[PDB]
Amino acid sequence: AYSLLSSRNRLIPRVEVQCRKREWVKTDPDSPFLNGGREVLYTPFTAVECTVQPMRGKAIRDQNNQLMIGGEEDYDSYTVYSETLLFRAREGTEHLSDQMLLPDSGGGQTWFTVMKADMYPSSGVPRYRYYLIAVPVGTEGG
Amino acid sequence: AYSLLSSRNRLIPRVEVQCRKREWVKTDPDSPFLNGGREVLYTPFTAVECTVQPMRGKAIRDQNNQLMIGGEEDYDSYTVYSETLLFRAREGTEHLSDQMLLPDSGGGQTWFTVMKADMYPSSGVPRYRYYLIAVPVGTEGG
Amino acid sequence: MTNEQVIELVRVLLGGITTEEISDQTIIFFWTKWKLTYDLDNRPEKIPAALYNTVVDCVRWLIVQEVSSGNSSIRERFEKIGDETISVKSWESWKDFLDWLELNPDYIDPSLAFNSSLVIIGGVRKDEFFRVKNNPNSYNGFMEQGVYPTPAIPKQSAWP
Amino acid sequence: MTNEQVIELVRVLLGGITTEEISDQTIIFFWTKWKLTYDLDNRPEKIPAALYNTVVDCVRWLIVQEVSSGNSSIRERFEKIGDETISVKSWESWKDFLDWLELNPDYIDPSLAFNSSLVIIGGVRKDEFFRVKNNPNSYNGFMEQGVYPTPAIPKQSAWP
Amino acid sequence: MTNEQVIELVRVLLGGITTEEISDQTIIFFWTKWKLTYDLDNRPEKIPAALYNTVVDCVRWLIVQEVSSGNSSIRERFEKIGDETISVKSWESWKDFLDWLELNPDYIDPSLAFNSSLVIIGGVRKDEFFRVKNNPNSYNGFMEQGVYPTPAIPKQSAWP
Amino acid sequence: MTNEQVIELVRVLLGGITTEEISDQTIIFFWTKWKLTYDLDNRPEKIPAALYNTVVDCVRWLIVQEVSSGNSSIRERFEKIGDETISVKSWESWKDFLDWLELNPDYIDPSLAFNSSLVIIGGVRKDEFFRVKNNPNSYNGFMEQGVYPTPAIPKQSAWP
């Protein structure tokens with residue numbers, strides 16, 4: 001079985017990041033809809049150690065500021081290697097996708113939503129790879 | 001942690017470049033619009049040391065002079081490695097994307113607008129990569 | 001010395017060795033071995049001697065711990081479960097340390113009387129000369145009886 | 001010397017060594033060991049001797065600190081968790097330094113009287129001649145009794 | 001020499017060494033060491049001798065500075081945080097310089113009287129012949145007393 | 001020689017060495033050192049000797065300038081910040097030159113009287129014979145006094 005990869009690295013620096021779980025709930029008392037007035041509940045936590053890297057190409061959809069008919073919108077993304085388990089959304093449930101807070105190109109800090117998670121069930125070592133997309137500015141995603 | 005990359009190179013020559021920050025302001029007193037008569041405010045500065053390189057392919061959109069129904073328009077671009085932090089535009093604000101002055105294929109000098117900025121938050125060393133597009137001839141971009 | 005100080009002293013001498021590398025049980029096992037062979041309770045003059053043998057025996061058990069496992073026979077490794085790659089390459093280091101430790105016992109206890117009787121010259125001391133001469137079992141050159149014994153040749157080493 | 005000066009002096013001599021590499025508790029442990037054996041409070045003449053031995057023991061503990069860990073047995077490394085790759089290939093450096101230090105004790109204290117009695121010639125000094133001659137335990141060539149003792153041959157080394 | 005000129009002179013001799021590589025405090029520490037052992041204020045004849053030992057001691061501290069850190073044991077490096085790649089490969093250089101400096105003391109001060117008494121032949125000078133002859137502790141070949149002393153053989157080296 | 005000519009002469013002899021490689025202040029420092037020791041103003045016969053030593057000391061300072069910096073301990077380089085890659089793999093070059101220069105002093109000044117007294121044979125010149133013979137401190141074979149001094153053997157080397 002794997003031995004070296006089953007232990008923490010000692011050459012490349014790694015950092016911890018903050019995250020938060022997400023659910024949703026219905027608030028309207030009389031509306032007949034599952035949506036109602038949707039609300040999201042958060043529960044914070046942290047990842048043991050992570051590595052953050054940017055997109056490699058220069059494709060038009062990967063550029064940071066984009067020109068739309070309204071104005072120069074904003075976009076960011078990352079690829080993350082981590083030893084913590086993060087989950088995407090699951091259907092027929094009230095759980096949403098986990099989010100984690102990282103620096104952006106504008107100098108601030110914003111939340112990124114997990115979109116793709118990679119796992120190797122037959123190997124055993126707990127090492128994962130994630131792909132993240134920054135939440136739209138002015139909202140908390142979906 | 002990284003040591004060698006946390007210091008300035010001593011084999012490949014590097015140069016400094018000039019830049020300028022950009023904001024915008026409304027001038028019309030009575031117009032009800034956020035746009036009004038837009039104006040841009042500049043504040044110059046320089047990058048510590050940079051490397052400039054051209055696009056690698058020959059794709060039709062990367063050629064310098066392009067044939068349009070009006071006349072042989074002009075286009076240029078670059079890829080830049082630098083140790084200075086430059087910012088793109090941010091929404092809901094009055095800040096615009098930074099620009100920097102570089103030589104062009106026509107023998108002159110023109111302003112290039114930052115479009116994509118790459119960062120490695122988990123590594124620590126301040127080394128960045130940018131992708132730039134020359135401002136349209138006869139205007140100051142957007 | 002009591003049963004608890006020996007572990008405390010051994011670990012400091014061995015550069016703060018951890019518990020998993022050498023258990024406290026194994027230290028007692030070698031410590032108890034020399035206690036009964038040197039009856040330290042009866043004679044406390046062997047405290048440095050028992051301590052020195054205990055540390056050496058522990059190093060011997062450490063060397064054989066690398067053997068009987070996969071650590072000794074491997075000299076390469078390579079892991080890759082995706083983008084993560086690791087490649088690296090104490091059996092050899094523990095060997096020369098044992099040889100070095102056997103040559104510097106003062107590092108354990110300065111009172112071991114090490115390196116005192118290297119050179120011996122005979123017949124230059126009255127104490128040693130009479131010890132051999134008065135030994136009833138000694139047989140020297142003046143006893144050469146020849147073909148058959150004669151009363152003209154001594155049968156004992158000591159002078160009358 | 002007081003307990004606080006020794007750490008200050010040893011760290012300077014060892015090129016500003018840090019606390020994590022060698023703790024202040026270990027230095028006191030070796031300092032105390034030579035204090036009780038050389039009763040420095042009783043005789044202050046052993047200040048250079050106890051100081052020189054203390055530093056040497058600390059270097060010995062530094063060498064064994066590389067051993068009992070993974071630092072000694074590895075000579076390669078490779079980390080790759082994406083775009084970050086690092087590869088590099090003090091146990092052996094501390095070895096020859098200990099050998100070098102034992103040959104230049106003046107670096108610790110110049111008053112150690114090092115390298116003073118390399119060549120010894122016997123019988124060229126009255127002080128050395130009479131000390132050997134007047135030793136009651138000495139046995140020299142003029143005592144060859146032969147077959148049986150006779151009163152014509154001296155039984156003591158010293159002249160009447 | 002005063003406390004400020006020593007740093008100024010040492011740095012020039014060492015090829016303009018920087019402050020971070022060797023602090024001015026460490027230079028004073030070795031300078032003060034030889035001042036008290038050679039009481040330079042009382043006898044100014046040892047200015048070249050104290051200066052030579054000070055520079056040599058500084059080089060010794062420089063060598064041990066490479067040791068006790070990661071600089072000595074590494075001989076490769078590789079950095080890559082993207083498109084930037086760097087690979088390069090003073091402990092070894094400072095070694096032979098110390099050996100070279102110990103063989104050319106004139107580089108520090110020409111008045112050190114270096115290399116003057118290599119070859120010694122005995123009995124070819126009246127000053128040296130009488131110094132040994134008149135020494136009351138000398139024991140020469142004419143004193144061979146034999147089995148027991150006789151008044152026909154001298155007991156003192158000097159002539160009457 | 002004046003203070004301005006020496007820099008002009010040294011730079012030409014060293015193959016047009018530049019100011020950054022060796023400053024004009026350092027050259028004066030070594031030039032002044034041999035001026036006060038050889039009082040060139042008092043005796044102008046030492047102009048070649050002081051000039052030869054000045055150049056040698058400058059080469060020594062050049063060697064130690066490679067040391068105390070990163071130039072001596074590196075033998076590889078690799079820069080890659082995109083499409084630009086550079087890779088290359090004077091400390092050792094200055095070494096043998098100093099050895100070569102010490103063997104060809106005529107390159108500095110032909111009037112140094114180099115290589116003139118390699119082979120010496122004694123007793124084949126009247127000038128050398130009488131200088132040794134008439135030396136009052138000389139002790140030769142005709143002074144063998146033996147057991148006790150006698151007036152049949154001379155006490156002075158020179159003939160009456």
# chains A, B, ... in the order shown; residues from 1 in each chain; ligands from 1
>>> calpha_fit_and_write(fixed="chain C", moving="chain E", output="mmCIF file with C-alpha atoms, in the first residue's frame")
data_model
loop_
_atom_site.group_PDB
_atom_site.id
_atom_site.type_symbol
_atom_site.label_atom_id
_atom_site.label_comp_id
_atom_site.auth_asym_id
_atom_site.auth_seq_id
_atom_site.Cartn_x
_atom_site.Cartn_y
_atom_site.Cartn_z
ATOM 1 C CA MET E 1 19.921 3.826 40.282
ATOM 2 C CA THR E 2 16.173 3.199 40.218
ATOM 3 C CA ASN E 3 14.032 1.771 37.418
ATOM 4 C CA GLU E 4 12.777 5.186 36.259
ATOM 5 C CA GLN E 5 16.028 7.158 35.980
ATOM 6 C CA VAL E 6 17.564 4.671 33.528
ATOM 7 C CA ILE E 7 15.006 5.485 30.816
ATOM 8 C CA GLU E 8 15.375 9.212 31.499
ATOM 9 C CA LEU E 9 19.170 9.020 31.272
ATOM 10 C CA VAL E 10 19.264 6.735 28.213
ATOM 11 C CA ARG E 11 16.942 8.941 26.149
ATOM 12 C CA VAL E 12 19.017 12.063 26.844
ATOM 13 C CA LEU E 13 22.237 10.241 25.940
ATOM 14 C CA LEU E 14 20.685 8.916 22.711
ATOM 15 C CA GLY E 15 19.679 12.427 21.627
ATOM 16 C CA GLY E 16 16.065 12.386 22.781
ATOM 17 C CA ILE E 17 15.011 9.144 21.100
ATOM 18 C CA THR E 18 11.244 8.682 20.920
ATOM 19 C CA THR E 19 9.087 6.020 22.566
ATOM 20 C CA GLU E 20 7.983 4.287 19.357
ATOM 21 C CA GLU E 21 11.573 3.787 18.184
ATOM 22 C CA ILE E 22 12.545 2.144 21.491
ATOM 23 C CA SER E 23 10.004 1.140 24.123
ATOM 24 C CA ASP E 24 10.637 1.601 27.833
ATOM 25 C CA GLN E 25 10.080 -2.143 28.265
ATOM 26 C CA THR E 26 13.103 -3.039 26.124
ATOM 27 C CA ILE E 27 15.311 -0.637 28.095
ATOM 28 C CA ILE E 28 14.290 -2.361 31.335
ATOM 29 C CA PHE E 29 14.953 -5.770 29.760
ATOM 30 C CA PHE E 30 18.608 -4.948 29.113
ATOM 31 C CA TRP E 31 18.889 -2.998 32.373
ATOM 32 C CA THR E 32 17.595 -5.988 34.347
ATOM 33 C CA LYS E 33 20.026 -8.292 32.518
ATOM 34 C CA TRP E 34 23.109 -6.516 33.864
ATOM 35 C CA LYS E 35 21.623 -5.924 37.326
ATOM 36 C CA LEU E 36 21.538 -9.644 38.127
ATOM 37 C CA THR E 37 24.963 -10.315 36.574
ATOM 38 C CA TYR E 38 26.580 -7.453 38.532
ATOM 39 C CA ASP E 39 24.378 -7.469 41.710
ATOM 40 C CA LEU E 40 24.330 -3.670 41.758
ATOM 41 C CA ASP E 41 22.420 -3.636 45.054
ATOM 42 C CA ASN E 42 25.233 -5.612 46.705
ATOM 43 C CA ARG E 43 28.098 -3.611 45.138
ATOM 44 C CA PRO E 44 27.451 -0.071 43.831
ATOM 45 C CA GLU E 45 30.920 0.193 42.253
ATOM 46 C CA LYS E 46 29.538 -1.165 38.956
ATOM 47 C CA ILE E 47 27.013 1.637 38.314
ATOM 48 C CA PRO E 48 29.128 3.109 35.455
ATOM 49 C CA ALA E 49 29.888 -0.369 34.100
ATOM 50 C CA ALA E 50 26.249 -1.499 34.104
ATOM 51 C CA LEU E 51 25.140 1.805 32.570
ATOM 52 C CA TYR E 52 27.666 1.551 29.732
ATOM 53 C CA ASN E 53 26.625 -1.990 28.784
ATOM 54 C CA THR E 54 22.939 -1.040 28.929
ATOM 55 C CA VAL E 55 23.319 1.780 26.389
ATOM 56 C CA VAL E 56 25.424 -0.376 24.053
ATOM 57 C CA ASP E 57 22.872 -3.202 24.182
ATOM 58 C CA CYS E 58 20.084 -0.748 23.336
ATOM 59 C CA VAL E 59 21.974 0.387 20.227
ATOM 60 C CA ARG E 60 22.406 -3.268 19.242
ATOM 61 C CA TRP E 61 18.646 -3.807 19.527
ATOM 62 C CA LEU E 62 18.075 -0.663 17.455
ATOM 63 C CA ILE E 63 20.266 -1.987 14.628
ATOM 64 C CA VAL E 64 18.410 -5.308 14.511
ATOM 65 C CA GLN E 65 15.134 -3.357 14.477
ATOM 66 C CA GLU E 66 15.995 -1.903 11.064
ATOM 67 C CA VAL E 67 16.753 -5.473 9.966
ATOM 68 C CA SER E 68 13.746 -7.864 10.059
ATOM 69 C CA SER E 69 11.727 -5.067 8.391
ATOM 70 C CA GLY E 70 11.573 -3.396 4.997
ATOM 71 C CA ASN E 71 13.612 -0.353 6.020
ATOM 72 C CA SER E 72 17.025 -2.002 5.674
ATOM 73 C CA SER E 73 16.752 -3.485 2.176
ATOM 74 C CA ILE E 74 15.132 -0.524 0.359
ATOM 75 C CA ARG E 75 17.039 2.413 -1.121
ATOM 76 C CA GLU E 76 14.406 4.024 -3.406
ATOM 77 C CA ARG E 77 10.754 5.052 -3.163
ATOM 78 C CA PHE E 78 8.247 6.638 -5.540
ATOM 79 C CA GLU E 79 4.632 7.600 -4.830
ATOM 80 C CA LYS E 80 2.051 8.973 -7.263
ATOM 81 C CA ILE E 81 -1.717 8.836 -6.744
ATOM 82 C CA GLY E 82 -2.367 11.640 -9.213
ATOM 83 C CA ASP E 83 -0.485 14.934 -9.228
ATOM 84 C CA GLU E 84 1.278 14.217 -5.922
ATOM 85 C CA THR E 85 4.761 12.774 -6.425
ATOM 86 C CA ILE E 86 7.301 11.970 -3.701
ATOM 87 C CA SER E 87 10.723 10.363 -4.090
ATOM 88 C CA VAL E 88 13.340 9.929 -1.355
ATOM 89 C CA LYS E 89 16.512 7.903 -0.912
ATOM 90 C CA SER E 90 19.100 4.420 9.636
ATOM 91 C CA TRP E 91 20.651 0.958 9.407
ATOM 92 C CA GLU E 92 23.928 2.328 8.041
ATOM 93 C CA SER E 93 24.068 5.317 10.402
ATOM 94 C CA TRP E 94 23.518 3.223 13.535
ATOM 95 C CA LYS E 95 26.451 0.990 12.562
ATOM 96 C CA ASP E 96 29.324 3.479 12.778
ATOM 97 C CA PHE E 97 27.790 5.114 15.858
ATOM 98 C CA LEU E 98 28.120 1.815 17.728
ATOM 99 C CA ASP E 99 31.768 1.626 16.657
ATOM 100 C CA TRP E 100 32.277 5.256 17.688
ATOM 101 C CA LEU E 101 30.491 4.757 21.020
ATOM 102 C CA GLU E 102 32.639 1.709 21.807
ATOM 103 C CA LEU E 103 35.699 3.961 21.384
ATOM 104 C CA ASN E 104 34.443 6.891 23.523
ATOM 105 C CA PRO E 105 32.989 5.474 26.759
ATOM 106 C CA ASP E 106 33.668 8.786 28.532
ATOM 107 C CA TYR E 107 30.568 10.154 26.787
ATOM 108 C CA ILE E 108 28.487 7.964 29.131
ATOM 109 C CA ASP E 109 30.496 8.125 32.365
ATOM 110 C CA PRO E 110 33.952 9.701 32.851
ATOM 111 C CA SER E 111 34.735 7.357 35.777
ATOM 112 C CA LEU E 112 35.057 4.202 33.641
ATOM 113 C CA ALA E 113 38.894 4.150 33.893
ATOM 114 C CA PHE E 114 39.137 3.849 30.112
ATOM 115 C CA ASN E 115 42.482 3.664 28.300
ATOM 116 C CA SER E 116 44.916 3.142 31.188
ATOM 117 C CA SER E 117 46.783 -0.155 30.607
ATOM 118 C CA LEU E 118 47.726 -0.187 26.914
ATOM 119 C CA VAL E 119 51.485 -0.757 27.264
ATOM 120 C CA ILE E 120 52.886 -3.470 29.542
ATOM 121 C CA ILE E 121 56.600 -4.019 30.201
ATOM 122 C CA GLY E 122 57.634 -6.966 32.342
ATOM 123 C CA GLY E 123 60.320 -7.137 34.996
ATOM 124 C CA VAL E 124 60.335 -3.395 35.745
ATOM 125 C CA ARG E 125 58.217 -3.574 38.925
ATOM 126 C CA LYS E 126 58.930 -5.330 42.213
ATOM 127 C CA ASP E 127 55.222 -5.952 42.829
ATOM 128 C CA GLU E 128 54.783 -7.788 39.526
ATOM 129 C CA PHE E 129 58.163 -9.552 39.649
ATOM 130 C CA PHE E 130 57.439 -11.177 43.015
ATOM 131 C CA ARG E 131 53.853 -12.030 42.041
ATOM 132 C CA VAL E 132 55.079 -14.289 39.231
ATOM 133 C CA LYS E 133 58.081 -15.536 41.221
ATOM 134 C CA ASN E 134 56.037 -16.559 44.278
ATOM 135 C CA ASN E 135 53.299 -18.223 42.208
ATOM 136 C CA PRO E 136 53.388 -21.957 43.085
ATOM 137 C CA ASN E 137 52.167 -22.897 39.585
ATOM 138 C CA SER E 138 54.884 -20.959 37.737
ATOM 139 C CA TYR E 139 57.386 -22.856 35.582
ATOM 140 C CA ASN E 140 60.489 -20.914 34.550
ATOM 141 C CA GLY E 141 63.782 -21.568 32.790
ATOM 142 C CA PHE E 142 65.711 -22.674 35.878
ATOM 143 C CA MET E 143 63.663 -25.906 36.045
ATOM 144 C CA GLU E 144 65.210 -27.614 33.002
ATOM 145 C CA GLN E 145 65.512 -31.157 34.351
ATOM 146 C CA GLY E 146 66.910 -32.705 31.161
ATOM 147 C CA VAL E 147 67.099 -36.451 30.581
ATOM 148 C CA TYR E 148 66.216 -37.374 34.177
ATOM 149 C CA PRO E 149 65.687 -35.250 37.297
ATOM 150 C CA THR E 150 68.626 -34.288 39.512
ATOM 151 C CA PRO E 151 68.685 -32.689 42.986
ATOM 152 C CA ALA E 152 70.867 -29.858 41.619
ATOM 153 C CA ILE E 153 67.894 -28.147 39.933
ATOM 154 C CA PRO E 154 65.005 -26.455 41.782
ATOM 155 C CA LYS E 155 61.456 -27.768 41.623
ATOM 156 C CA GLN E 156 59.817 -24.544 42.882
ATOM 157 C CA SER E 157 59.946 -21.010 41.512
ATOM 158 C CA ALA E 158 60.168 -19.116 44.805
ATOM 159 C CA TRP E 159 63.522 -18.660 46.499
ATOM 160 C CA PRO E 160 64.011 -20.542 49.816
#
>>> calpha_fit_and_write(fixed="chain B", moving="chain A", output="compact mmCIF listing (two decimals) with C-alpha atoms, in the first residue's frame")
# COMPACT_ATOMS: atom_id res chain seq x y z
CA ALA A 1 9.51 27.51 1.95
CA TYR A 2 10.66 28.80 -1.43
CA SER A 3 14.08 30.47 -1.26
CA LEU A 4 15.61 30.81 -4.73
CA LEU A 5 12.46 32.18 -6.37
CA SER A 6 12.11 34.68 -3.51
CA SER A 7 15.03 36.69 -4.93
CA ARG A 8 15.73 38.59 -8.12
CA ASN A 9 17.17 36.72 -11.08
CA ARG A 10 20.82 37.13 -12.10
CA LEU A 11 20.97 35.60 -15.59
CA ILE A 12 18.01 36.84 -17.66
CA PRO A 13 17.84 40.62 -18.16
CA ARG A 14 14.76 42.40 -16.84
CA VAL A 15 13.47 45.92 -17.38
CA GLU A 16 11.18 48.33 -15.58
CA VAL A 17 8.02 49.68 -17.20
CA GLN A 18 5.73 52.61 -16.55
CA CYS A 19 2.08 52.27 -15.54
CA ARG A 20 -0.86 54.37 -14.42
CA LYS A 21 -3.90 53.76 -12.24
CA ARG A 22 -7.37 54.67 -13.46
CA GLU A 23 -10.63 55.84 -11.87
CA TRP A 24 -13.73 57.52 -13.27
CA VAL A 25 -16.04 60.36 -12.26
CA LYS A 26 -19.39 61.90 -13.21
CA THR A 27 -19.41 65.48 -14.49
CA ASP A 28 -22.90 66.38 -15.71
CA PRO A 29 -24.73 68.33 -12.99
CA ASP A 30 -28.32 67.58 -14.03
CA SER A 31 -28.16 64.27 -15.90
CA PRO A 32 -29.83 61.56 -13.78
CA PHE A 33 -27.33 58.92 -14.85
CA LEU A 34 -24.41 57.32 -13.08
CA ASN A 35 -22.48 57.70 -16.34
CA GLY A 36 -22.92 61.43 -16.78
CA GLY A 37 -20.00 62.82 -18.68
CA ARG A 38 -17.50 60.17 -17.67
CA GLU A 39 -13.93 61.19 -16.90
CA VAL A 40 -10.89 59.13 -15.92
CA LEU A 41 -8.29 60.14 -13.34
CA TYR A 42 -4.72 58.87 -13.61
CA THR A 43 -1.88 58.41 -11.11
CA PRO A 44 1.42 57.20 -12.59
CA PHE A 45 3.82 54.63 -11.20
CA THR A 46 6.36 52.03 -12.30
CA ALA A 47 6.89 48.27 -12.10
CA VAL A 48 10.03 47.04 -10.37
CA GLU A 49 11.16 44.64 -13.09
CA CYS A 50 9.30 42.99 -15.94
CA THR A 51 9.66 40.69 -18.94
CA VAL A 52 7.67 41.19 -22.15
CA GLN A 53 6.91 38.51 -24.73
CA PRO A 54 4.61 38.25 -27.75
CA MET A 55 1.83 35.82 -28.65
CA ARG A 56 3.13 32.45 -29.75
CA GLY A 57 0.71 31.40 -32.50
CA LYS A 58 -0.47 32.95 -35.76
CA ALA A 59 -4.22 32.76 -35.25
CA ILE A 60 -6.27 35.20 -37.31
CA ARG A 61 -7.26 37.21 -34.23
CA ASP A 62 -3.63 37.52 -33.11
CA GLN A 63 -2.33 39.14 -36.30
CA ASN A 64 -1.26 42.78 -36.04
CA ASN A 65 -3.01 44.51 -38.95
CA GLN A 66 -6.53 43.27 -39.70
CA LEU A 67 -8.68 43.89 -42.76
CA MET A 68 -12.13 45.28 -41.96
CA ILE A 69 -14.75 46.88 -44.17
CA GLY A 70 -13.45 50.28 -43.08
CA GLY A 71 -9.69 49.82 -43.28
CA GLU A 72 -6.61 48.00 -42.09
CA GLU A 73 -7.13 48.22 -38.34
CA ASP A 74 -4.47 47.64 -35.70
CA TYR A 75 -4.04 45.09 -32.91
CA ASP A 76 -1.33 44.08 -30.45
CA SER A 77 -0.90 42.04 -27.28
CA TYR A 78 1.71 40.67 -24.89
CA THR A 79 2.44 38.38 -21.96
CA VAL A 80 4.29 39.94 -19.03
CA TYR A 81 6.03 38.50 -15.97
CA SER A 82 6.48 40.99 -13.16
CA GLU A 83 7.09 41.35 -9.44
CA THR A 84 4.68 44.27 -8.99
CA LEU A 85 1.02 43.87 -8.13
CA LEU A 86 -1.41 45.24 -10.72
CA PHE A 87 -5.18 45.15 -10.34
CA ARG A 88 -8.10 44.68 -12.70
CA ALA A 89 -11.43 46.48 -12.42
CA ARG A 90 -13.81 45.78 -9.56
CA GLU A 91 -17.58 46.07 -9.79
CA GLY A 92 -19.67 48.42 -7.72
CA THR A 93 -16.64 50.71 -7.50
CA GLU A 94 -15.00 53.61 -9.32
CA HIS A 95 -11.70 51.82 -10.01
CA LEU A 96 -10.69 50.75 -13.51
CA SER A 97 -8.00 48.41 -14.80
CA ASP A 98 -4.36 49.43 -14.65
CA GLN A 99 -2.49 50.22 -17.86
CA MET A 100 1.17 50.18 -18.81
CA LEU A 101 3.13 51.62 -21.73
CA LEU A 102 5.02 49.31 -24.09
CA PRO A 103 6.39 49.37 -27.65
CA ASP A 104 4.22 48.20 -30.55
CA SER A 105 4.68 46.74 -34.02
CA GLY A 106 4.33 50.12 -35.72
CA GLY A 107 7.43 51.52 -34.04
CA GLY A 108 5.58 53.78 -31.59
CA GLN A 109 4.49 53.39 -27.99
CA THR A 110 0.97 52.75 -26.73
CA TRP A 111 -0.93 51.78 -23.61
CA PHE A 112 -1.85 48.18 -22.82
CA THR A 113 -4.73 47.30 -20.50
CA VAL A 114 -4.46 44.47 -17.99
CA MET A 115 -7.02 41.74 -18.66
CA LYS A 116 -5.86 38.63 -16.80
CA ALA A 117 -3.74 38.40 -13.65
CA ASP A 118 -2.37 35.17 -12.19
CA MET A 119 -1.41 34.69 -8.54
CA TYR A 120 -0.34 31.77 -6.33
CA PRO A 121 -1.60 32.65 -2.84
CA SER A 122 -0.37 29.43 -1.23
CA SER A 123 3.25 29.75 -2.38
CA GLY A 124 4.23 33.14 -0.95
CA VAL A 125 6.78 34.40 -3.46
CA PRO A 126 5.59 37.61 -5.20
CA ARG A 127 5.83 36.59 -8.86
CA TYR A 128 2.93 37.32 -11.20
CA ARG A 129 1.94 36.82 -14.82
CA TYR A 130 -0.23 39.21 -16.82
CA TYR A 131 -1.91 39.25 -20.23
CA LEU A 132 -2.31 42.60 -21.97
CA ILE A 133 -4.18 43.98 -24.98
CA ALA A 134 -3.30 47.25 -26.70
CA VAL A 135 -5.77 50.10 -26.34
CA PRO A 136 -7.71 50.90 -29.53
CA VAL A 137 -5.87 53.49 -31.57
CA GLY A 138 -7.29 56.96 -31.03
CA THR A 139 -8.94 56.28 -27.66
CA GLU A 140 -8.09 55.57 -24.01
CA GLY A 141 -9.90 52.26 -23.60
CA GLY A 142 -12.67 51.49 -21.14
>>> select_by_dssp(residues="segment 88-152 of chain F", states="alpha helix (DSSP H)", output="list in words")
residues 91, 92, 93, 94, 95, 96, 97, 98, 99, 100, 101, 126, 127, 128, 129, 130, 131, 132 and 133 of chain F
>>> select_by_dssp(residues="chain F", states="strand (DSSP E or B)", output="list in words")
residues 79, 80, 85, 86 and 138 of chain F
>>> decode(residues="segment 73-82 of chain E", atoms="N, CA, C and O atoms", output="PDB file, in the first residue's frame")
ATOM      1  N   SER E  73      25.277  21.265   4.060  1.00  0.00           N
ATOM      2  CA  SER E  73      24.896  19.911   3.681  1.00  0.00           C
ATOM      3  C   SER E  73      24.133  19.829   2.363  1.00  0.00           C
ATOM      4  O   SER E  73      23.810  18.720   1.926  1.00  0.00           O
ATOM      5  N   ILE E  74      23.835  20.955   1.720  1.00  0.00           N
ATOM      6  CA  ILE E  74      23.082  20.955   0.470  1.00  0.00           C
ATOM      7  C   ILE E  74      24.040  21.181  -0.690  1.00  0.00           C
ATOM      8  O   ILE E  74      25.017  21.933  -0.569  1.00  0.00           O
ATOM      9  N   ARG E  75      23.774  20.505  -1.812  1.00  0.00           N
ATOM     10  CA  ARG E  75      24.554  20.707  -3.026  1.00  0.00           C
ATOM     11  C   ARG E  75      23.685  20.723  -4.282  1.00  0.00           C
ATOM     12  O   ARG E  75      24.218  20.590  -5.386  1.00  0.00           O
ATOM     13  N   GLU E  76      22.369  20.881  -4.138  1.00  0.00           N
ATOM     14  CA  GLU E  76      21.446  21.106  -5.247  1.00  0.00           C
ATOM     15  C   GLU E  76      20.302  21.984  -4.770  1.00  0.00           C
ATOM     16  O   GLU E  76      20.023  22.053  -3.569  1.00  0.00           O
ATOM     17  N   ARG E  77      19.632  22.636  -5.717  1.00  0.00           N
ATOM     18  CA  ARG E  77      18.438  23.423  -5.446  1.00  0.00           C
ATOM     19  C   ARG E  77      17.613  23.480  -6.724  1.00  0.00           C
ATOM     20  O   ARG E  77      18.160  23.408  -7.827  1.00  0.00           O
ATOM     21  N   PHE E  78      16.297  23.600  -6.564  1.00  0.00           N
ATOM     22  CA  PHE E  78      15.399  23.688  -7.715  1.00  0.00           C
ATOM     23  C   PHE E  78      14.119  24.377  -7.282  1.00  0.00           C
ATOM     24  O   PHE E  78      13.418  23.878  -6.395  1.00  0.00           O
ATOM     25  N   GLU E  79      13.810  25.513  -7.906  1.00  0.00           N
ATOM     26  CA  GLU E  79      12.616  26.284  -7.607  1.00  0.00           C
ATOM     27  C   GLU E  79      11.741  26.376  -8.848  1.00  0.00           C
ATOM     28  O   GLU E  79      12.244  26.550  -9.962  1.00  0.00           O
ATOM     29  N   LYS E  80      10.431  26.255  -8.648  1.00  0.00           N
ATOM     30  CA  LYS E  80       9.458  26.424  -9.722  1.00  0.00           C
ATOM     31  C   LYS E  80       8.100  26.711  -9.105  1.00  0.00           C
ATOM     32  O   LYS E  80       7.503  25.834  -8.477  1.00  0.00           O
ATOM     33  N   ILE E  81       7.617  27.939  -9.285  1.00  0.00           N
ATOM     34  CA  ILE E  81       6.303  28.340  -8.796  1.00  0.00           C
ATOM     35  C   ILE E  81       5.445  28.725  -9.993  1.00  0.00           C
ATOM     36  O   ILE E  81       4.574  29.597  -9.900  1.00  0.00           O
ATOM     37  N   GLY E  82       5.684  28.064 -11.121  1.00  0.00           N
ATOM     38  CA  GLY E  82       5.050  28.416 -12.374  1.00  0.00           C
ATOM     39  C   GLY E  82       6.026  28.309 -13.523  1.00  0.00           C
ATOM     40  O   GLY E  82       6.616  27.247 -13.746  1.00  0.00           O
TER      41      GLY E  82
END
